[PDB]
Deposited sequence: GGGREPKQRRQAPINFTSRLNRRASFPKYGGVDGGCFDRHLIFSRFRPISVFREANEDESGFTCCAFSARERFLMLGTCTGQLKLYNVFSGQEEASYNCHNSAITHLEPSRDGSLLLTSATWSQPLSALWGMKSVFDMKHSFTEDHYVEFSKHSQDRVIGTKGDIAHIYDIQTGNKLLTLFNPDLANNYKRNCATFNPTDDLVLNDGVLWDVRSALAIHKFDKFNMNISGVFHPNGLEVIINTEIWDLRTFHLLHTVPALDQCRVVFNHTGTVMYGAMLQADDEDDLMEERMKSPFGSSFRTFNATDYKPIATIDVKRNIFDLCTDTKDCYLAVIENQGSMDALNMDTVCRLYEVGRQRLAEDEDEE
């Protein structure tokens, strides 16, 4: 992890970056801010190239579509809470998801959005904006406090609140047992495994394949080739994470590195070629009057 670049938000006594993701154009990082702006930055110069007010509360998450034409945002305390934006020619709002705290695109064919409202998953069509499906069963709920619903790589299974759902049938196929209060899980990019906090489960057998005690309380992000997994641990204003991230080999779950950047982490992401890790670090403590975050770019 050799540091390659650092920048603060332009035109701010205090820098308010809260989350990031690389755009479909190399060199250009998309960042959300604590005032609910989306911003486009040159990741090398730190030059702000564009700006849009998406929400009147902080941005917690953003996801650009692979084809460069669409963007998902989530905010703290807005109605609507999440939204879908168009970025062809003009920046505009396409749809809004009135109480979803988190959203993702479908993975194989990016024609759907999955949104999370507490313990409930909503799937929407991108064209119509219609809610196609509500996935929720109160008898199978884990009530994870950081529940985030997600599609698998082929868009035909969903993980919501520790329940594996078959999208076509809208049937719960398996409830994974609850071993922590917060982390709900992700799909491995290989389509065969699910990572739920410290537990790695096989999707064909439901056997326990690995225990990874360093993944405890980590939000997991994969690189684009799916060879490496990055974990930032929940913190025990207030960042959602602590000041350390961990890397693991995605094939054998062996630890590669533990990096303490001595600054609470708000988000991290890789470019599509997996050359870079961009990390949003706060220079201020949780007690500061105001956030003062930087974006740090490291070469892996």
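Gaps in the coordinates relative to the deposited sequence fall at 1-45, 282-291, 356-367.
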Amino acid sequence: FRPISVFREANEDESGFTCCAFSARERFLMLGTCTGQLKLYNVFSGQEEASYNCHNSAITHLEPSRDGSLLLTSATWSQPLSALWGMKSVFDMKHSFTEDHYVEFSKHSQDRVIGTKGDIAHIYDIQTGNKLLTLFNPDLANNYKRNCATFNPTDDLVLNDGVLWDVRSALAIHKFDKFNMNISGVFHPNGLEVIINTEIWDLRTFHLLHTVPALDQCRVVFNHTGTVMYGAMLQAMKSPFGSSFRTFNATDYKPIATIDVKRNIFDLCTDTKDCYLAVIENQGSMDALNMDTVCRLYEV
From here on, numbers count along this sequence of modelled residues.
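If you superpose the two forms and keep the largest set of C-alpha atoms that fall within 1.5 Å, you have the rigid core.
Root-mean-square C-alpha deviation from the shown form, taken over all structures in 4 other deposited structures of this protein superposed by the rigid core, is larger for 226-234 than for the alternative among 171-179 and 226-234.
Note on 60-68 vs 246-254: mean CA B-factor is higher in 246-254.
Averaged over their C-alpha atoms, the temperature factors of 129-137 and 97-105 are higher for 129-137.
The entry lists C-alpha B-factors for 117, 88, 146, 112, and the highest of these is at 88. Placement of the Cα temperature factor of residue 40 within the chain: middle third of the modelled residues, per the deposited record. Compared with the other modelled residues of the chain, the Cα B-factor recorded for residue 154 ranks in the middle third. The entry lists a Cα temperature factor for residue 55 that places it in the lowest third of the chain's modelled residues. Residue 184 sits in the lowest third of its chain by CA B factor, as recorded in the PDB entry. Sort the modelled residues of the chain by CA B factor and residue 213 lands in the middle third.
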